[PDB]
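Asks: Mind the numbering: the sequence shown is residues 177 to 241, 248 to 532 in the entry's author numbering, read in order.
Once you've had a glance at the structure underneath, I'll fire off some questions.
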Amino acid sequence: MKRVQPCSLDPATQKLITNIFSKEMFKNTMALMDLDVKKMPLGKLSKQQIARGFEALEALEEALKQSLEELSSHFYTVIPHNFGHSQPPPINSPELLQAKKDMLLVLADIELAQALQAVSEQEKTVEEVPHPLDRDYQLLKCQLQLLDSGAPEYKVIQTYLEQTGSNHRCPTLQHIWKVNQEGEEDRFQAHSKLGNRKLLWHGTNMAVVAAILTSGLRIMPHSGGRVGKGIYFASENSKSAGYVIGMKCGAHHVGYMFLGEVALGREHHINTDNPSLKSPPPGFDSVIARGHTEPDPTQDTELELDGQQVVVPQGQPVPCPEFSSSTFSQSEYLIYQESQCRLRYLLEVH
Ligand SMILES: O=C(/C=C/c1nc(=O)c2ccccc2[nH]1)N[C@H](CO)Cc1ccccc1
Numbered sequence: 177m178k179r180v181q182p183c184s185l186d187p188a189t190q191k192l193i194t195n196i197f198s199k200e201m202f203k204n205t206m207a208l209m210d211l212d213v214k215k216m217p218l219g220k221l222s223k224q225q226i227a228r229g230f231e232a233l234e235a236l237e238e239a240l241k248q249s250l251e252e253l254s255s256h257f258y259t260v261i262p263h264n265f266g267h268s269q270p271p272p273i274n275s276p277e278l279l280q281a282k283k284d285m286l287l288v289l290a291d292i293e294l295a296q297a298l299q300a301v302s303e304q305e306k307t308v309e310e311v312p313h314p315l316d317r318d319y320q321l322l323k324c325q326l327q328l329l330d331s332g333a334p335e336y337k338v339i340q341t342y343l344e345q346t347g348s349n350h351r352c353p354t355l356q357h358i359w360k361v362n363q364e365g366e367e368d369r370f371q372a373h374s375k376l377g378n379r380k381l382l383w384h385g386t387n388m389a390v391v392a393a394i395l396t397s398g399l400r401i402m403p404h405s406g407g408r409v410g411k412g413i414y415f416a417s418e419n420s421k422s423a424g425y426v427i428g429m430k431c432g433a434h435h436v437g438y439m440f441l442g443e444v445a446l447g448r449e450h451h452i453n454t455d456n457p458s459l460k461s462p463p464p465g466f467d468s469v470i471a472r473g474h475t476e477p478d479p480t481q482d483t484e485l486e487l488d489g490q491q492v493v494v495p496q497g498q499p500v501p502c503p504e505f506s507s508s509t510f511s512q513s514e515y516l517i518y519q520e521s522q523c524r525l526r527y528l529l530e531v532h
């Protein structure tokens, strides 16, 4: 019988690791995406099955631009769904097609967290095992350091959250962790000369936090949105909090949000949706879909991160009269290369 070593993590990090690897949180997420967890359990999830589902969706994509019913029936056989034992709806719109692609991008991140927890033979040939939470923490290959309430960047982040959060239903700050993805430091070096660095929000499903802490923010071949195939960020917390899918934990609703250091370089501004973009125009390093409002730039502050100055908005959203006429209520900041982002903070919000 193998000795289990004591946990080295603080209570807040223990809770975080428990939540982002929680089998119930993963099964809940699959129930919320209408998947059949009985016909497709977490242990049975495979990369081949997810690849097969994307192939069916790529085939359905062509048929929109074999009937839609035949091709939909094949997708629903590969990726089992639960719909009160009724006929599954045919994927006959670019909206329902992107929804199923978003569902599969989440499920691929669930599979990743599942593949990551696989007990290897090198782990089986050791007489002392780490505490389960230490083991899951170590599989991330990502240093997480709980921030102190007295650290200067804690107050800068808290102000950013409070000033740009939803006016009434303001998310309550619980914890801030410094994120040091060991692998992201060397890739971000290939953008050291690129200026205009800003700390921006990235809100997400609890089910994809583990995959992001292991692999960073990525541009997958089937991802998209109103500003094309890139990594999406916001200068307003309330905008990113909309993509935060949390979970019921007692009386509270716990969720996680990221702060990323984004090297924006030369910005290209737009005021109309362009879902076909895959890069900025020549000479530009980022695209900004300009909102009706923007955190007051007069109140911007800076943080020094690895010798570089990073702009941190501190002001409340104020009108952008040039972009009063914009299809975007709130701004969306886009980069089209993964190396232009560096994960810096992880926030727990209730
Ligand atoms: O995880 C995300 C989106 C995160 C996201 N997070 C943001 O912080 C954000 C800010 C500005 C504009 C878009 C933004 N999108 N999307 C998933 C596909 O992988 C699907 C999804 C998740 C939540 C709500 C709607 C769709």
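A virtual CB, placed ideally from N, CA and C, is assigned to each residue, including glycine.
Considering only the beta carbon of each residue, do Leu218 and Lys203 sit closer than 8 Å?
Replies: If you check the CB distance, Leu218 and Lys203 come in under 8 Å.
Asks: Any heavy atom of ligand 1 closer than 7 Å to the beta-carbon of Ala416?
Replies: yes
Asks: Pick out whichever of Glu520, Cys431, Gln371 has its Cα sitting closest to the Cα of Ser198.
Replies: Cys431
Asks: How long is the line joining the alpha carbons of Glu504 and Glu293, rounded to whole angstroms?
Replies: So the alpha carbons of these two residues sit roughly 44 Å apart.
Asks: Considering only their Cβ atoms, is the gap separating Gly412 from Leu516 smaller than 8 Å?
Replies: Yes.
Asks: Taking all protein chains shown into account, decide if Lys241 is buried (16 or more other Cβ within 10 angstroms of its Cβ) or exposed.
Replies: Under this definition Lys241 is an exposed residue.
Asks: Say yes only if the C-beta of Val288 is nearer than 7 Å to one or more non-hydrogen atoms of ligand 1, and no if none qualify.
Replies: At least one heavy atom of ligand 1 is nearer than 7 Å to the Cβ of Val288, so yes.
Asks: Just confirm the distance between the C-beta atoms of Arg526 and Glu418, as a whole number of angstroms; I'd bet it's less than 8 Å.
Replies: So it is not a contact: roughly 18 Å between Cβ atoms.
Asks: How big is the Cα-Cα spacing for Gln325 and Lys375?
Replies: 26 Å
Asks: Got a sec, what are the start and stop residues for the beta strand (DSSP E) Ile452 sits in?
Replies: 449-452
Asks: Is any non-hydrogen atom of ligand 1 found closer than 7 Å to the C-beta of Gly406, if you look at the structure I gave you?
Replies: no
Asks: If you drop the 5 nearest sequence neighbours on each side, which residues of the same chain put their C-beta closer than 8 Å to that of residue 243?
Replies: Structure remark: the chain lacks residues between 241 and 248, so residue 243 is without coordinates.
Asks: Which first and last residues belong to the beta strand (DSSP E) in which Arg369 is found?
Replies: No beta strand (DSSP E) contains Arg369, which is instead part of the alpha helix (DSSP H) from 366-370.
Asks: If you follow the beta strand (DSSP E) that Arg524 is part of, which residue opens it and which one closes it?
Replies: 523-531
Asks: Give me whichever residues DSSP pairs with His435 in a beta bridge.
Replies: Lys430
Asks: Excluding the five sequence neighbours on either side, which residues of its own chain have a C-beta within less than 6 Å of the C-beta of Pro272, listed in chain order?
Replies: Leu250, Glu251, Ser254
Asks: What are the residues that DSSP puts in a beta bridge with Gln327?
Replies: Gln327 has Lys360 as its beta-bridge partners, per DSSP.
Asks: Among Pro457, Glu476, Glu449, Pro477, which one has its Cα closest to the Cα of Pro464?
Replies: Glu449
Asks: In the DSSP assignment, what residue or residues form a beta bridge with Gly442?
Replies: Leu382, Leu525
Asks: Given a cut-off of 8 Å on the beta-carbon distance, is the pair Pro457 and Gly489 in contact?
Replies: Judged by their CB atoms, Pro457 and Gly489 are not nearer to each other than the 8 Å cut-off.
Asks: Exposed or buried, which one is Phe257 when buried takes at least 16 other CB atoms within 10 Å?
Replies: buried
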